[PDB]
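Just so it is clear: chains get the letters A, B, ... in the order the sequence lines come, proteins before strands, and each one is counted from 1. Note that ligands are numbered from 1 as they come in the structure, with each ligand's atoms numbered from 1 the same way.
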Amino acid sequence: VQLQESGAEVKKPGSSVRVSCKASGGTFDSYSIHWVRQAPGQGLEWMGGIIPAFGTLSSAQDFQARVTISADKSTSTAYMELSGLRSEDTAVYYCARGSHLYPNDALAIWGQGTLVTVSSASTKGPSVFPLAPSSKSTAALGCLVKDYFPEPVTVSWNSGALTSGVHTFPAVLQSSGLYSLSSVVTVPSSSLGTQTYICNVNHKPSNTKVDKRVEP
Amino acid sequence: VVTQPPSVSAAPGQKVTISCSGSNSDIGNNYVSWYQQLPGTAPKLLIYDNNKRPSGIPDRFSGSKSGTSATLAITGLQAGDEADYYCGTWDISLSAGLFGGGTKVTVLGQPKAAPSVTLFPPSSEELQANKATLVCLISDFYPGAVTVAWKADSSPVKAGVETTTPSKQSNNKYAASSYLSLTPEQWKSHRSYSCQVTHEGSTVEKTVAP
Ligand SMILES: CCCSc1nc(N[C@@H]2C[C@H]2c2ccc(F)c(F)c2)c2nnn([C@@H]3C[C@H](OCCO)[C@@H](O)[C@H]3O)c2n1
């Protein structure tokens, strides 16, 4: 009952993106799959949909000569391909599975969404530094994720074993044109001497993952 | 075009309503669904087939549909209901999904909370990479608006400062972050750095001495 999507990447104006959407249960059954985008800070916009079990598909009129939707049964993955990318195509591309078994259908299971950035600027992976806990900082500790492009960066702690007290901040866009962010976690002070803390930083646009040890 | 008011507001525990207005081609001859988008998250289905709730959705959410109009009602409004709500519909003649513009729900009169300030000096790793960044974390405050100012010793520093717009923590209070990037001549000369946070006219300042 989960739809899986990546981070995910950087495109020059005029190029194309293929956004992937994988069903966790190994089937689309007779449900529909839809693609919905959202430009940063703006509304939702429907792009297209398909009922994989039947191959029946439709795309938004505003994207008919630019959008192609398809479904791969072998890996229960749906794909949307948007061509002729423009600055205005920078958006998070969500995939959502329908509620109706094929007409009162709705978008019931949503993916995390993939951010597509349309820009001529080059990709840059992050530099990750520890924000070590001390008597000066329960204790706060974290990771500083510096100077990367484009967004996003995701941060997990101890490969997902640490979720309580985690706060990942939005990124800051510096004068240089590069982003930076920090992820912080509040932990029992005693845990500082009983366990290790590793922040796992994922920068899907540069296909980079950094696992950074954070020591007191 | 399906329309919604851009915003709606009420105090905690109060009832709020959001209406979606469309045409005979979309809402008029179809069904309306409603989506909740909490800050920094994917949309979530609240209501489908006009008035049905998926399992797990609080019963404080209800839906209704009359002609070319549809309404989402939220009873006993909580801080955790602050989000953007969208109505969704299908127009069979165009075989296309349509969304309303979205309505931002604000929960007014929440309890005030002064910020706590945590300041990290540059890591030995970054210093070894010939760079120096101080990280100021501002947390547990309400309302979600602060001004952050830095000092190096007693000197105000504007260059090299970057600050995030506050966003909610899991406990519904706000947090923000601020960064001070330093030159090697600033790091070799200053004995202390300070992150000054102004919230509702009062200031909380934390100092670090490397
Ligand atoms: C051909 C396109 C197949 S996907 C599809 N999806 C329908 N409902 C969409 C999910 C619900 C929806 C609700 C709110 C939104 F904001 C949103 F973006 C999406 C849907 N409803 N009717 N149809 C028919 C089925 C028929 O397929 C032909 C099979 O031979 C075609 O006439 C569609 O209009 C839907 N198709």
Side-chain angles (χ1 to χ4, degrees), chain A residues 3 19 21 23 27-39 42-64 67-71 73 78-82 91-111 113, chain B residues 1-4 18-37 42-54 57 61 63-65 68-72 84-103:
Chain A
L3 288 184
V19 185
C21 170
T27 4
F28 293 122
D29 300 62
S30 290
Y31 295 107
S32 71
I33 295 278
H34 291 81
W35 293 90
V36 175
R37 81 178 184 174
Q38 176 172 48
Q42 304 186 230
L44 291 173
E45 186 173 29
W46 183 86
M47 289 178 287
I50 185 169
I51 304 156
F54 303 95
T56 56
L57 72 89
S58 197
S59 68
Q61 276 303 135
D62 270 11
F63 303 105
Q64 265 197 325
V67 161
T68 55
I69 305 114
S70 66
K73 156 245 268 99
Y79 296 110
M80 181 273 303
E81 195 166 351
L82 184 59
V92 172
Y93 288 83
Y94 296 101
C95 80
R97 201 214 71 198
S99 61
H100 179 87
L101 282 121
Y102 286 87
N104 55 13
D105 200 13
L107 309 179
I109 295 167
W110 287 76
Chain B
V1 194
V2 180
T3 58
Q4 274 176 268
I18 299 164
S19 292
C20 184
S21 187
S23 65
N24 285 304
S25 168
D26 40 75
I27 298 172
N29 287 314
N30 204 263
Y31 312 90
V32 54
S33 42
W34 288 94
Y35 307 85
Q36 184 191 236
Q37 188 169 33
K44 195 168 80 164
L45 178 63
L46 284 174
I47 294 287
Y48 66 114
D49 187 44
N50 302 328
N51 61 359
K52 319 285 198 313
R53 270 185 302 284
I57 296 304
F61 296 96
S64 65
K65 197 266 259 182
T68 66
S69 270
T71 309
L72 174 72
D84 297 327
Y85 296 80
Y86 298 91
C87 56
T89 197
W90 185 260
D91 109 265
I92 199 145
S93 67
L94 292 167
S95 193
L98 309 173
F99 287 101
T103 303

- Consider ligand 1: state whether an atom of it lies below 4.0 angstrom from any non-hydrogen atom of B:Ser33. yes
- Query: Quick one: does atom 26 (C) of ligand 1 have a protein heavy atom under 4.0 Å from it?
  - Reply: no
Interfacing atoms of ligand 1 (cut-off 4.0 Å, heavy-atom, [X]):
X       : answer
A:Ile51 : 3 (C)
A:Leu57 : 1 (C), 2 (C)
A:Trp46 : 18 (F)
B:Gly97 : 17 (C), 18 (F)

- By salt bridge (charged side-chain N to carboxylate O under 4.0 Å, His left out) - contacts of B:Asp49 (at least two apart): B:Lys52
Hey, is the main chain of [Y] close enough, under 3.5 Å, to the side chain of [X] for a donor-acceptor pair?
X        : Y        : answer
B:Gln4   : B:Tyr85  : yes
A:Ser99  : A:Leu107 : no
A:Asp105 : A:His100 : yes
A:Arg37  : A:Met47  : no

- Between B:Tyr31, A:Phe54, A:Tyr102, A:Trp35, flag the one that comes closest to atom 5 (C) of ligand 1 by a heavy atom. A:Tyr102
- Measure from atom 2 (C) of ligand 1 to every heavy atom in A:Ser58, A:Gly55, A:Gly98 and give the option owning the shortest one. A:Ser58
Looking only at N/O atoms, are [X] and ligand 1 under 3.5 Å apart anywhere?
X       : result
B:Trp90 : yes
B:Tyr35 : no
A:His34 : yes

Protein contact of [atom] - nearest heavy atom, named by residue and atom, plus distance:
atom                    : answer
atom 30 (O) of ligand 1 : A:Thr56 CG2, 3.9 Å
atom 33 (C) of ligand 1 : B:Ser95 OG, 3.7 Å
atom 11 (C) of ligand 1 : A:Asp105 O, 3.3 Å

- Relative to each other, are the rings of A:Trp46 and A:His34 parallel, tilted or perpendicular (30° and 60° limits)? tilted
- Item | Worked verdict on B:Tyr35 versus A:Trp110 for ring-ring contact (aromatic ring centres under 6.0 Å, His included) | CA-CA 11 Å; B:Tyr35 307 85; A:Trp110 287 76; 5.8 Å; yes
- Steps toward side-chain contact (heavy atoms from CB on, under 4.5 Å) verdict (B:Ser19, B:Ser69): CA-CA 7 Å; B:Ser19 292; B:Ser69 270; 5.6 Å; no
- Rounded to the nearest 0.5 Å, what separation is found between the CD1 atom of A:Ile109 and the OH atom of A:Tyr31? 7.5 Å
- Output for pair (B:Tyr86 OH, B:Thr103 OG1), nearest 0.5 Å, gives 9.0 Å
- Query: At under 4.0 Å between heavy atoms, which part of B:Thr89 makes contact with ligand 1: side chain, backbone, both or neither?
  - Reply: backbone
